[PDB]
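# Once you've seen the sequence and the experimental structure below, I've got questions.
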Amino acid sequence: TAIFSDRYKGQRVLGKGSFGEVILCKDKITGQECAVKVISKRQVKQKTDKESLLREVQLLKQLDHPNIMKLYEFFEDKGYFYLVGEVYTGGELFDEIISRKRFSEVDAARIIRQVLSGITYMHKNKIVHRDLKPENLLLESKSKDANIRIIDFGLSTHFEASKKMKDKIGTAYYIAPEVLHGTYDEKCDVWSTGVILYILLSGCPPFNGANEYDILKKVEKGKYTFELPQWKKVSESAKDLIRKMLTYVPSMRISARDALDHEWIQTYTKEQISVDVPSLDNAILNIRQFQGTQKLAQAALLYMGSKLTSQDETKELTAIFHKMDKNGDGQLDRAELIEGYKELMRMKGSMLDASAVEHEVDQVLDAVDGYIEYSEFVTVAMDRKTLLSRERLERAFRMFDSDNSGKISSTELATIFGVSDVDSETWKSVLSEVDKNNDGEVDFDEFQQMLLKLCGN
């Protein structure tokens, strides 16, 4: 009865994840800005029947909490679902924390009370998150004390998530052990919050490891410690809340409601601070290292993924253009190049790619150009795509290189590649192939060369 394009217009992409793309859209009548989640039906398997999805959607539309992302509308066509909801521009919680000079137990508690309030409300309405992680914690502004909104509540129950490694990064740390074995309820959200809390107070995951399986092994046994030197500087009340949140048996684990009433929360979330605020210096250092490592492993997989996409394009675009060339003169006009690049985009699984074509064609013509030699257009068009892909990877590398040495050690490579599920011997062999005189260090171009060889390029 209702169609998406008649009510909204895509402005720009906000991101991509395990369910699909999140696009910044504006209402065509009211000018209202919002985040639209586009989910492909052919790409994403439905866990429940459409009737169960349509019912939860109606419930989510009726719910309102200051710590939960608002779902406004829901649309559906032949091959997609459209989850239209509120937009937040503050970015991810952890990306803000890493910019701070000081971080206290008060800071962490005020952060965790926000998360806990949202969870309590959702649980009251029988809605479980299940996949709660730092990436699901958005801010309204990139500042300290800013309001937190939890994204993706109830998504998990209806949609089977992406098993691709690019989407699996940073997930094993947070998952409750009962979710792994199949029997779980709302208590699984408390466990994930407890893991976030442990990281806020130490900058280290309680269940850590070299690769995904190793972390899952730790999670599954459920044993962790406060044995790190930075825990000496943390209050016993904070440790006692974590112990209750990371309690193995879900029946024996504290509720989201009772965690709000815990001594640490009620004491450290006072409007007027009544406690000592020493900075958790070692924690803030570890949170920057953890974050940087996560973001680099994410960027490495995106770069390899986007190279396995850019190789399809260079040959496919020259074919499309050759077909369009009636004269055989290797030339085309502005309209033909536009029609050609649009055809290349129509054969894929982004919604904003067709509208973005004209501006990109003109940007290529600015350096190139009438009657344009398509071969010159193609190389210039693909090189720009290659460059943007390289720059994204570079920003991540520069961010990870905290001491500005220009190099990453073999130890750091082991960690990055472990998080991105690249086999030790595989990456080590690619390293020997790239530089024969390698001495346990790679600069940005050697790193980029390594990832190229790791995706058959």
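Noted; the coordinates are in hand. Numbers count the residues shown, from 1 in each chain.

# domains for the protein, by residue range?
As assigned by curated CATH domains, the chain contains the domains 1-89+153-160, 90-152+161-289, 290-457.

# Dump the ones you listed to a markdown table, plus mean neighbour count.
In short, each C-beta sits where N, CA and C put it, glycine included. Shown next, in a markdown table, are the domains of the chain (neighbours: other C-beta atoms under 10 Å):
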| stretch | mean neighbour count |
| --- | --- |
| domain 1-89+153-160 | 16 |
| domain 90-152+161-289 | 18 |
| domain 290-457 | 16 |
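
# For the stretch 351-457 of the chain, which segments count as helices?
Taking DSSP state H, counting those that start in this stretch, the helices of the stretch 351-457 of the chain run over residues 357-368, 374-400, 410-419, 424-434, 444-453.

# Show me what residue 408 is bridged to.
Beta-bridge pairing for residue 408 (DSSP bridges): residue 442.

# Would you check how far apart residue 367 and residue 361 are?
Separation of residue 367 from residue 361 (C-beta to C-beta, to the nearest Å) stands at 12 Å.

# all strands for the stretch 101-250 of the chain, in order.
Taking DSSP state E, counting those that start in this stretch, the strands of the stretch 101-250 of the chain run over residues 137-139, 148-150.

# Now do the strands in the stretch 251-400 of the chain.
For the stretch 251-400 of the chain, the strands defined by DSSP E, counting those that start in this stretch occupy 331-332, 372-373.

# Please give me every residue in contact with residue 398.
By C-beta atoms under 8 Å, 6 or more residues apart in numbering, residue 398 lies in contact with residue 444.

# Does anything pack onto the longest helix anywhere in the chain? Which helices or strands?
Counting residues, the longest helix found in the chain (DSSP state H) is helix 281-324. Packing contacts for helix 281-324, counted by 3 or more C-beta pairs under 8 Å, 6 or more residues apart in numbering; DSSP states H and E, involve helix 93-97, helix 165-168, helix 187-202, helix 334-346, helix 374-400, helix 410-419, helix 444-453.

# Go again with 6 Å.
helix 334-346, helix 374-400, helix 410-419, helix 444-453 (3 or more C-beta pairs under 6 Å, 6 or more residues apart in numbering; DSSP states H and E).

# Adding distance to residue 117 as columns, could you present these in a markdown table?
Formatted as a markdown table, the helices and strands packed on helix 281-324 follow (distance: least, C-beta to C-beta, whole Å):
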| stretch | distance to residue 117 |
| --- | --- |
| helix 334-346 | 43 |
| helix 374-400 | 32 |
| helix 410-419 | 31 |
| helix 444-453 | 41 |
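
# can you tell which of the ones you listed is closest to residue 98?
helix 374-400 (9.3 Å; C-beta to C-beta).

# now the angle from that closest one to helix 410-419?
110 degrees (axes from the mean of the first three to the mean of the last three C-alpha atoms, to 10 degrees).

# now the angle from helix 374-400 to helix 281-324?
Using the same axes, to 10 degrees: helix 374-400 against helix 281-324 is 170 degrees.

# any idea how far helix 374-400 is from the chain center?
Mean-position distance between helix 374-400 and its chain equals 21 Å (C-alpha atoms, centre = their mean, to the nearest Å).

# and if you look at stretch 66-82?
19 Å.

# Likewise for stretch 266-285?
Distance, stretch centre to chain centre, for stretch 266-285: 28 Å (C-alpha atoms, centre = their mean).

# so how far does that stretch reach from one end to the other?
Terminal residues of stretch 266-285 lie 27 Å apart, using C-alpha to C-alpha, to the nearest Å.

# Now do that stretch: everything it contacts.
For stretch 266-285, the surrounding residues in contact (C-beta atoms under 6 Å, 6 or more residues apart in numbering) are 102, 103, 104, 105, 106, 109, 110, 113, 202, 203, 230.

# Out of the residues you listed, which two are the most distant from each other?
Using C-beta to C-beta, the contacts of stretch 266-285 span at most 21.9 Å, a distance reached by 113 and 230.

# The nearest residue to residue 141 once chain neighbours are set aside: what secondary structure?
Once flanking residues are discounted, residue 141 sits nearest to residue 90: 4.7 Å by C-beta to C-beta, 6 or more residues apart in numbering. Following DSSP: H, G, I helix; E, B strand; the rest coil, the label given to residue 90 is coil.

# Residue 90 and residue 150, how far apart?
Distance, residue 90 to residue 150, using C-beta to C-beta: 13 Å.

# shared neighbours of those two, anything?
Joint contacts of residue 90 and residue 150 (C-beta under 6 Å, 6+ apart) do not exist.

# For the closest residue to residue 165 other than its chain neighbours, grab phi and psi.
Take residue 165 and drop its neighbours on the chain: the residue closest to it by C-beta to C-beta, 6+ apart is residue 421, 4.9 Å away. Main-chain dihedrals, residue 421, degrees, to the nearest 10: phi 60, psi 40.

# for residue 164, same thing?
Per-residue torsions, residue 164: phi -70, psi 130 (degrees, to the nearest 10).

# residues touching the residue of the chain most remote from its centre, list them.
Using C-alpha atoms, centre = their mean, the residue of the chain lying farthest from its centre is residue 327. It sits 47.6 Å away. Listed by C-beta under 6 Å, 6+ apart, the contact set of residue 327 is empty.

# can you check residue 92 too?
By C-beta under 6 Å, 6+ apart, the contact set of residue 92 is residue 135.

# 621 is where my numbering starts, stick with that
From this message on, residue numbering opens at 621, which makes the last subject residue 712.

# returning to that earlier point: the helices and strands packed on helix 901-944: which one's closest to residue 760?
Comparison of these against residue 760 by C-beta to C-beta identifies helix 994-1020 as nearest, at 23.6 Å.

# Verify the contact between residue 704 and residue 656 for me.
Yes - if you go by C-beta atoms under 6 Å, residue 704 and residue 656 touch, sitting 5.1 Å apart.

# How about residue 850, nearest residue that isn't a chain neighbour?
Spatial nearest neighbour of residue 850, excluding adjacent residues (C-beta to C-beta, 6+ apart): residue 902 at 4.1 Å.

# coming back round to it: tell me which of the strands of the stretch 721-870 of the chain sits nearest to residue 737.
Using C-beta to C-beta, the nearest of these to residue 737 is strand 768-770, at 9.3 Å.

# Residue 658: what's it in contact with?
Contact partners of residue 658, counting by C-beta under 6 Å, 6+ apart, are 640, 641, 700, 971.

# cutoff 10 Å now
Shown in contact with residue 658 (C-beta atoms under 10 Å, 6 or more residues apart in numbering): 624, 630, 633, 636, 639-643, 645, 695, 700-703, 970-972.

# Same question for residue 786.
For residue 786, the contact set (C-beta under 10 Å, 6+ apart) comprises 636, 637, 638, 917, 918, 920, 921, 922, 924, 925, 1040, 1041.
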